[PDB]
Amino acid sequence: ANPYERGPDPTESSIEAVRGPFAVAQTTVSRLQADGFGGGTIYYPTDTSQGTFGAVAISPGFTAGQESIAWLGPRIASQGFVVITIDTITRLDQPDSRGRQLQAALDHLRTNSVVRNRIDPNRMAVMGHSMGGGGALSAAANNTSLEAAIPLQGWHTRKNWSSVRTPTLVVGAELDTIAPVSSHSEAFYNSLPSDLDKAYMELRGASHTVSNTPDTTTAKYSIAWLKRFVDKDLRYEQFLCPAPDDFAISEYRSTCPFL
């Protein structure tokens, strides 16, 4: 058996859920307490009876606060993850700095008494929007032990990601004019190793700012990806392979099967 499985057997509806199977609580990390990032909020399951959980750090993009990604916090954590949504040190931080801050936010979780006994420190992931998604890729390139990476409309000047060894779901917005998929998202996907477990999911009609308010497609497939790779949870392969059928996805590419 897989000792990392948490929660009831899934369905498409369970991964679409705004509130997942786990009740969640939250704790604030002040800027002063946050070594190497701008503070944040940690969302976590309060039920400890199924074991420890993997951890996820999420960064906003250029000019943006934690509030632009906050909705992902409880929506993902309630599926069985400890999730920290960060503020960056400054609103103008670039992608590589954001990648350092994502790693610093994960590292913080190991030290914070409210959650350190709730995490499996070996099973961690990074996500982010815009330059924060560039940051997620940078963090993965710097730490091949990360179990998943999910850039959402990622922006980066670095286009070649051949050194990444972390399963990566690249979420593009079809009509993105800030981080256009042809030169950002889908170029990143194409330069990830061909033998990596990876997928490219393009959101039909979406603008760059799609991740700044709730988007069910983004949440459901982020949850499925995190389950499949952070928890090695084979119950979630069904949602990723073969390609998802949602209208909201204009294009899907992957290295399925991952099994």
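All residue numbers are counted from 1 along the displayed sequence.
- The deposited model assigns a higher average Cα B-factor to 106 to 114 than to the other stretch when 106 to 114 and 166 to 174 are compared.
- As recorded in the PDB entry, 61 to 69 is the stretch of 199 to 207 and 61 to 69 with the greater mean C-alpha temperature factor.
- Among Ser182, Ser130, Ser78, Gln101, the highest C-alpha B-factor recorded in the PDB entry belongs to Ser182.
- Among the modelled residues of the chain, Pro121 sits in the highest third by CA temperature factor in this PDB entry.
- The entry lists a Cα temperature factor for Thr52 that places it in the middle third of the chain's modelled residues.
- The PDB entry assigns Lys232 a C-alpha temperature factor belonging to the middle third of its chain's modelled residues.
- Split the chain's modelled residues into thirds by C-alpha temperature factor. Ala140 is in the middle one.
- Sort the chain's modelled residues by C-alpha temperature factor and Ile249 lands in the lowest third, per the entry.
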